[PDB]
Amino acid sequence: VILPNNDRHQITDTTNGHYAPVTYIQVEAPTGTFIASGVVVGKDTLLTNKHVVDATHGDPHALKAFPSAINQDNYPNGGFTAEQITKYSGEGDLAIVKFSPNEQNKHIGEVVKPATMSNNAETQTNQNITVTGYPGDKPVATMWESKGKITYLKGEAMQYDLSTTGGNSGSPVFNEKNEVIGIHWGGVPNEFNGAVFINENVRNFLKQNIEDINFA
Ligand SMILES: [K+]
């Protein structure tokens with residue numbers, strides 16, 4: 001949601017640095033198109049929210065992903081279709097999505113370099129972070145970086161003061177070292193925005209379900 005701190009920048013060179021794995025998501029249901037975000041973390045895997053996955057109504061083939069999308073109809077790495085979904089067993093709004101290779105027999109985690117996950121051993125309140133993804137109040141399929149600070153940490157929940165809008169669901173949260181520390185889910189009008197914090201419980205869950213995930 002939009003907050004007093006509305007500090008966002010557009011990323012035009014999406015395949016440079018840590019931006020490559022940031023992904024644009026489109027869930028093409030027969031009732032309409034749901035837009036969201038996510039991040040590639042393995043050869044065939046990506047992370048996003050449970051509510052974005054629920055928009056498929058149980059059919060994974062309805063979920064399409066375009067890594068490093070620059071703008072409408074400008075996808076440098078093309079798109080990929082989902083084949084399997086696994087939801088987190090805890091309360092956190094988190095889900096794992098596995099994709100099948102594309103027409104050129106390429107893997108989503110091969111055309112782009114998977115993101116590095118943080119151990120979160122030094123993460124604390126008041127540190128500067130960024131939430132990067134695809135906000136729905138901007139031109140279709142454009143990547144934007146939002147800047148702010150962590151304001152709350154408890155268990156597997158985290159809150160911050162930066163702005164986001166519908167479309168940002170599933171956007172990765174990066175620390176200064178450019179490692180992923182959490183996954184954005186949404187917020188509460190005029191109060192805050194929050195994400196799933198990748199603590200010990202969540203980390204164990206990911207390692208048990210993703211063979212090649214990389215933790216720093
Ligand atoms: K292959």
# chains A, B, ... in the order shown; residues from 1 in each chain; ligands from 1
>>> residues_around(residues="residue 90 (chain A)", least_positions_apart="4", cutoff="10 Å", atoms="only C-alpha atoms", output="PyMOL selection string")
chain A and resi 94+156+201-202+205
>>> write_last_selection(atoms="C-alpha atoms", output="compact mmCIF listing (two decimals), in the first residue's frame")
# COMPACT_ATOMS: atom_id res chain seq x y z
CA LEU A 94 4.54 -18.23 0.97
CA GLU A 156 8.51 -15.29 10.76
CA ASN A 201 11.78 -22.60 10.27
CA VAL A 202 11.24 -21.21 6.77
CA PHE A 205 11.34 -25.83 4.76
>>> residues_near_ligand(ligand="ligand 1", cutoff="8 Å", atoms="only C-alpha atoms and all ligand atoms", output="mmCIF file with C-alpha atoms, in the first residue's frame")
data_model
loop_
_atom_site.group_PDB
_atom_site.id
_atom_site.type_symbol
_atom_site.label_atom_id
_atom_site.label_comp_id
_atom_site.auth_asym_id
_atom_site.auth_seq_id
_atom_site.Cartn_x
_atom_site.Cartn_y
_atom_site.Cartn_z
ATOM 1 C CA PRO A 101 11.586 -25.915 -19.557
ATOM 2 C CA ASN A 105 14.568 -26.603 -23.830
ATOM 3 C CA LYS A 106 16.034 -23.999 -21.461
ATOM 4 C CA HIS A 107 15.431 -23.815 -17.692
#
>>> residues_around(residues="region 73-89 of chain A", least_positions_apart="4", cutoff="9 Å", atoms="only C-alpha atoms", output="JSON, numbers by chain")
{"A": [14, 15, 49, 50, 53, 58, 59, 60, 61, 62, 63, 64, 65, 66, 67, 68, 69, 93, 94, 95, 96, 97, 98, 99, 100, 101, 102, 103, 107, 108, 111, 112, 141, 202, 205, 206, 209]}
>>> residues_around(residues="residue 120 (chain A)", least_positions_apart="4", cutoff="9 Å", atoms="only C-alpha atoms", output="PyMOL selection string")
chain A and resi 124+181+197-200
>>> select_by_dssp(residues="region 16-73 of chain A", states="helix (DSSP H, G or I)", output="list in words")
residues 17, 18, 19, 50, 51, 52, 53, 54, 55, 56, 60, 61 and 62 of chain A
>>> write_last_selection(atoms="C-alpha atoms", output="mmCIF file, in the first residue's frame")
data_model
loop_
_atom_site.group_PDB
_atom_site.id
_atom_site.type_symbol
_atom_site.label_atom_id
_atom_site.label_comp_id
_atom_site.auth_asym_id
_atom_site.auth_seq_id
_atom_site.Cartn_x
_atom_site.Cartn_y
_atom_site.Cartn_z
ATOM 1 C CA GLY A 17 23.433 -7.282 -11.273
ATOM 2 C CA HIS A 18 20.987 -8.759 -8.783
ATOM 3 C CA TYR A 19 17.925 -7.700 -10.805
ATOM 4 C CA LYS A 50 0.020 -18.332 -1.455
ATOM 5 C CA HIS A 51 -2.664 -15.882 -2.552
ATOM 6 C CA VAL A 52 -1.080 -15.461 -5.978
ATOM 7 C CA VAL A 53 -0.959 -19.228 -6.401
ATOM 8 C CA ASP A 54 -4.616 -19.511 -5.326
ATOM 9 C CA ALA A 55 -5.648 -17.382 -8.317
ATOM 10 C CA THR A 56 -4.916 -20.381 -10.560
ATOM 11 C CA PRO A 60 -0.667 -24.519 -12.445
ATOM 12 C CA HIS A 61 -0.647 -24.211 -16.245
ATOM 13 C CA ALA A 62 -2.528 -20.943 -15.754
#
>>> closest_residue(among="A:182, A:194, A:139, A:187", to="residue 159 (chain A)", atoms="only C-alpha atoms")
A:194
>>> residues_around(residues="residue 171 (chain A)", least_positions_apart="5", cutoff="9 Å", atoms="only C-alpha atoms", output="ChimeraX atom specification")
/A:22-23,36-39,47-49,131-134,182-185
>>> select_by_dssp(residues="region 89-176 of chain A", states="strand (DSSP E or B)", output="number ranges by chain")
A: 95-99, 117, 128-133, 143-154, 157-160, 172-174
